[PDB]
Amino acid sequence: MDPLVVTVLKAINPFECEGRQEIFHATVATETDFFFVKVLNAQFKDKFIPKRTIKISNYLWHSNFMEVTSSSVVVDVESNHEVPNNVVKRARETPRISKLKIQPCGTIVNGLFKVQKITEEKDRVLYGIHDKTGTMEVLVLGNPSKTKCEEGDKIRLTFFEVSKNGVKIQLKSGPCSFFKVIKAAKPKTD
DNA sequence: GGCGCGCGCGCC
DNA sequence: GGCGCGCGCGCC
C-alpha cells in the first residue's frame, strides 16, 4: 500500500518481453524479508542497483510479487536500513523442490536447477529437474529452444511460476519469464 | 520425548 | 549461492 523503503539485492538488465513491454526483474528486501519485483517501467533501471536504498510508491502487490509501473514512483533515498545476512541469503538462494511443491500457483520462482530429462516438442519443452528433495517438471512454452540443453546441464530460471496441471505441480514459463541454459563444462584436450 | 520443518549460519 | 548441520517450535 503506502510507500515502502527497500534495499536492492539483485537486478538484471532489461530485456524485451511481451503488449510488447520492455521490462526487468529485481530482488529487494526490507529489514524483515525479501520479495521479487517486476518493473514494467524500464526507465527505472538506473535506480535499481544492488545495495542502493529506494522508496517505492503507487505499486501493485499481488499474491506473490510486487509490480512497479510507469505510474509508480521510485525515488533513491538515504536510509539506515540494513538487511540481515540470512534475509539476503534466502533472497538469493534457489528453493528446494519439496518446498516448491507446497506453494500457490503464480508464486514467483527464480533459481538454478539440475536437469535430468528433456521432453521435446515444437510448441513446448518439459524439463525434468531434480535435487535431493524430489523431482519436478519445468514447462517452457514455445521454443526449439535455441538454448539446447543436454542431460547434466542446468537451467537458470527467472520469474517462472509454480503451476498446477491437474495431477502434478510444475514450474511454468510465463510471457515475461527469462530462461537460460547453463551447460556443464566439456572436458578438454590439453 | 521423537521428529520434521523452517531458519540460521559457517565452510566451500 | 550451494551444501550440510544444529537449534527450536509445534504436532504426533
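The sequence lines fix the lettering, A, B, ..., with proteins before strands; numbering per chain opens at 1.
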How close or far is atom [atom2] of [N] from atom [atom1] of [X], stated in whole angstroms?
| X | N | atom1 | atom2 | value |
| --- | --- | --- | --- | --- |
| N85(A) | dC11(B) | CG | P | 14 Å |
| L112(A) | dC3(C) | CG | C1' | 13 Å |
| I129(A) | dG2(C) | CD1 | P | 12 Å |
| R96(A) | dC7(B) | CZ | P | 15 Å |
| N86(A) | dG6(C) | CG | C1' | 14 Å |
| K154(A) | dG1(C) | NZ | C1' | 12 Å |
| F113(A) | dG2(C) | CZ | P | 9 Å |

Determine whether any donor atom in the side chain of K89(A) lies under 3.5 Å from an acceptor atom in the base of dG10(B), or the reverse, and answer yes or no. yes

Under 3.5 Å, is there any donor-acceptor pair linking the side chain of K114(A) to the base of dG2(C)? no

Base, sugar-phosphate, or nothing: which does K99(A) touch, judged by heavy atoms less than 4.0 Å apart?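 Nothing: the residue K99(A), judged by heavy atoms under 4.0 Å, touches no strand.
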
Using the side-chain heavy atoms of [X], tell me which of these nucleotides is nearest: [options].
| X | options | result |
| --- | --- | --- |
| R90(A) | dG1(C), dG8(B), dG4(C) | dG8(B) |
| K132(A) | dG8(B), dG2(C), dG4(C) | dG4(C) |
| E93(A) | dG2(C), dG6(B), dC7(B) | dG2(C) |

What are the two closest heavy atoms between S173(A) and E161(A), and how far apart are they? C-OE1, 4.0 Å

Can you see which heavy atom on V181(A) is nearest to which on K148(A), and at what distance? CG1-O, 3.9 Å

Pair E16(A) + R20(A): basic N to acidic O under 4.0 Å: yes

Could you tell me whether a side-chain N or O of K172(A) sits under 3.5 Å from a main-chain N or O of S163(A), the two making a donor and an acceptor? no

